[PDB]
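Trainee: Data file model36.pdb (PDB, C-alpha atoms (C1' of nucleotides) and all ligand atoms) is appended below.
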MODEL        1
ATOM      1  CA  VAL L  13      72.439  74.418  67.196
ATOM      2  CA  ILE L  14      75.388  75.098  64.873
ATOM      3  CA  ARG L  15      79.218  75.216  64.746
ATOM      4  CA  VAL L  16      80.594  78.669  63.892
ATOM      5  CA  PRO L  17      83.762  80.468  65.054
ATOM      6  CA  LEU L  18      82.105  83.168  67.189
ATOM      7  CA  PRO L  19      84.244  85.601  69.176
ATOM      8  CA  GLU L  20      85.658  82.923  71.503
ATOM      9  CA  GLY L  21      88.790  83.600  73.502
ATOM     10  CA  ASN L  22      90.467  86.694  72.098
ATOM     11  CA  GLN L  23      89.240  86.820  68.509
ATOM     12  CA  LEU L  24      88.462  89.857  66.376
ATOM     13  CA  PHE L  25      86.281  90.478  63.330
ATOM     14  CA  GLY L  26      87.927  91.652  60.137
ATOM     15  CA  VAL L  27      86.538  93.596  57.176
ATOM     16  CA  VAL L  28      89.295  95.132  55.094
ATOM     17  CA  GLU L  29      89.277  98.452  53.249
ATOM     18  CA  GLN L  30      92.043  97.679  50.733
ATOM     19  CA  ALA L  31      94.887  95.146  50.618
ATOM     20  CA  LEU L  32      98.301  96.748  50.389
ATOM     21  CA  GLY L  33      99.504  93.263  49.458
ATOM     22  CA  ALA L  34     102.281  90.785  50.280
ATOM     23  CA  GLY L  35     100.177  89.191  53.043
ATOM     24  CA  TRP L  36      99.348  92.352  54.993
ATOM     25  CA  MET L  37      95.564  92.831  55.169
ATOM     26  CA  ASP L  38      94.272  96.300  56.074
ATOM     27  CA  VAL L  39      91.061  96.036  58.122
ATOM     28  CA  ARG L  40      88.558  98.677  59.274
ATOM     29  CA  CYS L  41      87.611  97.118  62.589
ATOM     30  CA  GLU L  42      85.305  98.708  65.048
ATOM     31  CA  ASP L  43      88.034  98.389  67.700
ATOM     32  CA  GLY L  44      89.146 101.922  66.877
ATOM     33  CA  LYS L  45      92.466 101.469  65.135
ATOM     34  CA  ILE L  46      93.744 100.632  61.658
ATOM     35  CA  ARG L  47      94.829  96.989  61.848
ATOM     36  CA  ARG L  48      97.108  94.886  59.623
ATOM     37  CA  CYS L  49      96.878  91.084  59.476
ATOM     38  CA  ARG L  50      98.977  88.136  58.257
ATOM     39  CA  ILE L  51      98.159  84.546  57.263
ATOM     40  CA  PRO L  52      99.160  81.193  58.857
ATOM     41  CA  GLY L  53     100.499  78.239  56.882
ATOM     42  CA  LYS L  54      97.291  76.319  56.248
ATOM     43  CA  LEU L  55      94.839  78.667  54.503
ATOM     44  CA  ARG L  56      96.905  80.037  51.596
ATOM     45  CA  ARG L  57      95.585  77.146  49.461
ATOM     46  CA  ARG L  58      91.820  76.539  49.461
ATOM     47  CA  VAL L  59      90.215  79.971  49.931
ATOM     48  CA  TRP L  60      89.982  83.552  48.631
ATOM     49  CA  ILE L  61      89.961  86.836  50.581
ATOM     50  CA  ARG L  62      88.876  90.130  48.952
ATOM     51  CA  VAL L  63      87.546  93.559  49.982
ATOM     52  CA  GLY L  64      83.847  93.493  50.688
ATOM     53  CA  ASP L  65      84.371  90.205  52.597
ATOM     54  CA  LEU L  66      83.823  89.732  56.321
ATOM     55  CA  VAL L  67      86.015  87.242  58.176
ATOM     56  CA  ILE L  68      87.068  86.450  61.711
ATOM     57  CA  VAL L  69      90.666  87.224  62.608
ATOM     58  CA  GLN L  70      92.790  86.678  65.698
ATOM     59  CA  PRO L  71      95.213  89.284  67.079
ATOM     60  CA  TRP L  72      98.272  89.205  69.340
ATOM     61  CA  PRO L  73      98.105  91.545  72.359
ATOM     62  CA  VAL L  74     100.819  93.919  71.083
ATOM     63  CA  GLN L  75      99.943  97.618  70.869
ATOM     64  CA  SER L  76      96.201  97.072  70.228
ATOM     65  CA  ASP L  77      96.645  99.206  67.079
ATOM     66  CA  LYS L  78      97.734  97.073  64.077
ATOM     67  CA  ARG L  79      96.986  93.384  64.729
ATOM     68  CA  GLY L  80      95.062  90.418  63.334
ATOM     69  CA  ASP L  81      95.594  86.885  61.973
ATOM     70  CA  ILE L  82      93.292  85.033  59.575
ATOM     71  CA  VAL L  83      91.925  81.865  61.175
ATOM     72  CA  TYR L  84      88.614  81.511  59.332
ATOM     73  CA  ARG L  85      86.899  83.124  56.359
ATOM     74  CA  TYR L  86      83.118  83.549  56.112
ATOM     75  CA  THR L  87      80.953  82.072  53.354
ATOM     76  CA  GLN L  88      77.996  83.523  51.457
ATOM     77  CA  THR L  89      75.990  81.185  53.734
ATOM     78  CA  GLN L  90      76.880  82.759  57.106
ATOM     79  CA  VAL L  91      77.996  86.357  56.394
ATOM     80  CA  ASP L  92      74.398  87.626  56.498
ATOM     81  CA  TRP L  93      73.277  84.794  58.771
ATOM     82  CA  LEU L  94      75.329  86.549  61.465
ATOM     83  CA  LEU L  95      73.001  89.560  60.975
ATOM     84  CA  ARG L  96      69.538  88.695  62.363
ATOM     85  CA  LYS L  97      71.118  87.529  65.623
ATOM     86  CA  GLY L  98      72.770  90.940  65.835
ATOM     87  CA  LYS L  99      76.233  89.669  66.717
ATOM     88  CA  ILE L 100      77.248  92.310  64.162
ATOM     89  CA  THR L 101      75.088  95.066  62.690
ATOM     90  CA  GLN L 102      75.944  96.111  59.152
ATOM     91  CA  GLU L 103      75.902  99.847  59.876
ATOM     92  CA  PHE L 104      79.699  99.569  60.348
ATOM     93  CA  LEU L 105      80.436  98.389  56.794
ATOM     94  CA  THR L 106      79.118 101.309  54.679
ATOM     95  CA  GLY L 107      78.622 104.054  57.273
TER      96      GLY L 107
ATOM     97  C1'   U H   1     129.743  56.181   4.252
ATOM     98  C1'   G H   2     129.552  60.897   6.865
ATOM     99  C1'   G H   3     130.481  66.029   7.207
ATOM    100  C1'   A H   4     132.030  71.516   6.484
ATOM    101  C1'   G H   5     130.571  76.174   3.959
ATOM    102  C1'   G H   6     127.688  79.887   0.753
ATOM    103  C1'   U H   7     123.107  81.869  -1.573
ATOM    104  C1'   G H   8     118.326  82.470  -1.696
ATOM    105  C1'   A H   9     113.720  82.470   0.276
ATOM    106  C1'   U H  10     110.127  81.306   5.132
ATOM    107  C1'   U H  11     102.661  83.114   5.242
ATOM    108  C1'   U H  12      96.692  87.933   8.917
ATOM    109  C1'   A H  13      95.814  87.848  13.905
ATOM    110  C1'   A H  14      97.570  84.348  18.324
ATOM    111  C1'   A H  15      98.087  87.739  25.734
ATOM    112  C1'   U H  16      97.782  84.741  30.786
ATOM    113  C1'   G H  17      97.747  79.816  34.601
ATOM    114  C1'   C H  18      95.589  76.884  42.648
ATOM    115  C1'   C H  19      98.357  74.063  45.388
ATOM    116  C1'   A H  20      99.575  69.042  48.396
TER     117        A H  20
HETATM  118 MG    MG M 201     101.928  86.773  12.081
ENDMDL
END
Turn this file's structure into structure tokens for me.
Mentor:
Amino acid sequence: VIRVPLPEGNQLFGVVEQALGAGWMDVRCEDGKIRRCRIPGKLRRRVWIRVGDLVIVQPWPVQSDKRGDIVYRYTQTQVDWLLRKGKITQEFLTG
RNA sequence: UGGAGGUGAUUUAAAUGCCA
């Protein structure tokens, strides 16, 4: 079929509202809480993360409130390709 | 040969740079 990072293991999905900066990414997840993410040492070179962008993140189990870690960003090729299959519906990005 | 002072002048606008 295809190779995409689905929710496999303990991943999350991350769509930020506004970046406070300095690494911390502020995401409006549908988990319920306001979450704040940080970046590992491999992806601060080739890519670009902005508000209006959907990515997959990975949390740590602490406090289930403010978690997340960037492990993969989504391209203009797959962001809306993950729509018809309904793995995410876009009613949680503007309303 | 090579130096130390002084007096004059010197012209539109013209910002910023992943990451091994
Ligand atoms: Mg001038």
Trainee: Residues of chain L within 12 Å of chain H, counting all atoms listed in the file - could you list those as a short mmCIF file (atom, residue, chain, number, x, y, z; two decimals) with C-alpha atoms, in the frame of the given file?
Mentor:
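Below is the file that was written, part17.cif:
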data_model
loop_
_atom_site.label_atom_id
_atom_site.label_comp_id
_atom_site.auth_asym_id
_atom_site.auth_seq_id
_atom_site.Cartn_x
_atom_site.Cartn_y
_atom_site.Cartn_z
CA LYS L 54 97.29 76.32 56.25
CA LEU L 55 94.84 78.67 54.50
CA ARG L 56 96.90 80.04 51.60
CA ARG L 57 95.58 77.15 49.46
CA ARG L 58 91.82 76.54 49.46
CA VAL L 59 90.22 79.97 49.93
CA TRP L 60 89.98 83.55 48.63
#
Trainee: Hey, can you check how far atom CA of residue L:62 sits from atom CA of residue L:86?
Mentor: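 Distance between the two atoms: 11.3 Å.
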Trainee: Please measure the separation of atom CA of residue L:82 and atom CA of residue L:53, giving the value in Å to one decimal.
Mentor: 10.3 Å
Trainee: Using Å and a single decimal, report how far atom CA of residue L:98 sits from atom CA of residue L:37.
Mentor: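 Atom CA of residue L:98 lies at a distance of 25.2 Å from atom CA of residue L:37.
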Trainee: Skipping near chain neighbours, those fewer than 4 positions away, what residues fall within 8 Å of residue L:65 using only C-alpha atoms (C1' of nucleotides), listed as a list in words?
Mentor: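 Those residues are residues 27, 28, 61 and 86 of chain L.
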Trainee: Specify as a VMD selection string each residue included when the PyMOL selection byres (((chain L and resi 35) around 8) and not hetatm) is applied to this file.
Mentor: chain L and resid 33 to 34 36 to 37 49 to 51
Trainee: Please provide the set of residues having any atom within 9 Å of residue L:77, restricted to all atoms listed in the file, with same-chain residues fewer than 5 positions apart removed, written as a list in words.
Mentor: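 Returned residues: residues 43, 44, 45, 46, 47 and 48 of chain L.
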Trainee: Grab all the atoms of stretch 47-50 of chain L that the file lists, wrap them in a box along x, y and z, add 4 Å per side, and give me centre plus edge lengths in Å (one decimal) as AutoDock Vina command-line options.
Mentor:
--center_x 96.9 --center_y 92.6 --center_z 60.1 --size_x 12.1 --size_y 16.9 --size_z 11.6
Trainee: Given the file above and the PyMOL selection byres (((chain L and resi 102) around 12) and not hetatm), which residues are selected, and can you give them as a PDB file with C-alpha atoms, in the frame of the given file?
Mentor:
ATOM      1  CA  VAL L  27      86.538  93.596  57.176  1.00  0.00           C
ATOM      2  CA  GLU L  42      85.305  98.708  65.048  1.00  0.00           C
ATOM      3  CA  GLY L  64      83.847  93.493  50.688  1.00  0.00           C
ATOM      4  CA  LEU L  66      83.823  89.732  56.321  1.00  0.00           C
ATOM      5  CA  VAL L  91      77.996  86.357  56.394  1.00  0.00           C
ATOM      6  CA  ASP L  92      74.398  87.626  56.498  1.00  0.00           C
ATOM      7  CA  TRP L  93      73.277  84.794  58.771  1.00  0.00           C
ATOM      8  CA  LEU L  94      75.329  86.549  61.465  1.00  0.00           C
ATOM      9  CA  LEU L  95      73.001  89.560  60.975  1.00  0.00           C
ATOM     10  CA  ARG L  96      69.538  88.695  62.363  1.00  0.00           C
ATOM     11  CA  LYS L  97      71.118  87.529  65.623  1.00  0.00           C
ATOM     12  CA  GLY L  98      72.770  90.940  65.835  1.00  0.00           C
ATOM     13  CA  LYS L  99      76.233  89.669  66.717  1.00  0.00           C
ATOM     14  CA  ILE L 100      77.248  92.310  64.162  1.00  0.00           C
ATOM     15  CA  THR L 101      75.088  95.066  62.690  1.00  0.00           C
ATOM     16  CA  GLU L 103      75.902  99.847  59.876  1.00  0.00           C
ATOM     17  CA  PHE L 104      79.699  99.569  60.348  1.00  0.00           C
ATOM     18  CA  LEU L 105      80.436  98.389  56.794  1.00  0.00           C
ATOM     19  CA  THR L 106      79.118 101.309  54.679  1.00  0.00           C
ATOM     20  CA  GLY L 107      78.622 104.054  57.273  1.00  0.00           C
TER      21      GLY L 107
END
Trainee: Can you translate the PyMOL selection byres (((chain L and resi 72) around 12) and not hetatm) into the concrete residues it hits in this file, as a list in words?
Mentor: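 When the PyMOL selection byres (((chain L and resi 72) around 12) and not hetatm) is applied, the selected residues are residues 21, 22, 23, 24, 47, 48, 49, 50, 69, 70, 71, 73, 74, 75, 76, 77, 78, 79, 80, 81 and 82 of chain L.
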Trainee: How would the residues just chosen look if you wrote them out with C-alpha atoms as a short mmCIF file (atom, residue, chain, number, x, y, z; two decimals), keeping the file's coordinate frame?
Mentor:
data_model
loop_
_atom_site.label_atom_id
_atom_site.label_comp_id
_atom_site.auth_asym_id
_atom_site.auth_seq_id
_atom_site.Cartn_x
_atom_site.Cartn_y
_atom_site.Cartn_z
CA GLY L 21 88.79 83.60 73.50
CA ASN L 22 90.47 86.69 72.10
CA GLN L 23 89.24 86.82 68.51
CA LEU L 24 88.46 89.86 66.38
CA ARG L 47 94.83 96.99 61.85
CA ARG L 48 97.11 94.89 59.62
CA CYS L 49 96.88 91.08 59.48
CA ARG L 50 98.98 88.14 58.26
CA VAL L 69 90.67 87.22 62.61
CA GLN L 70 92.79 86.68 65.70
CA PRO L 71 95.21 89.28 67.08
CA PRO L 73 98.10 91.54 72.36
CA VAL L 74 100.82 93.92 71.08
CA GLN L 75 99.94 97.62 70.87
CA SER L 76 96.20 97.07 70.23
CA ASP L 77 96.64 99.21 67.08
CA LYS L 78 97.73 97.07 64.08
CA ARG L 79 96.99 93.38 64.73
CA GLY L 80 95.06 90.42 63.33
CA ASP L 81 95.59 86.88 61.97
CA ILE L 82 93.29 85.03 59.58
#
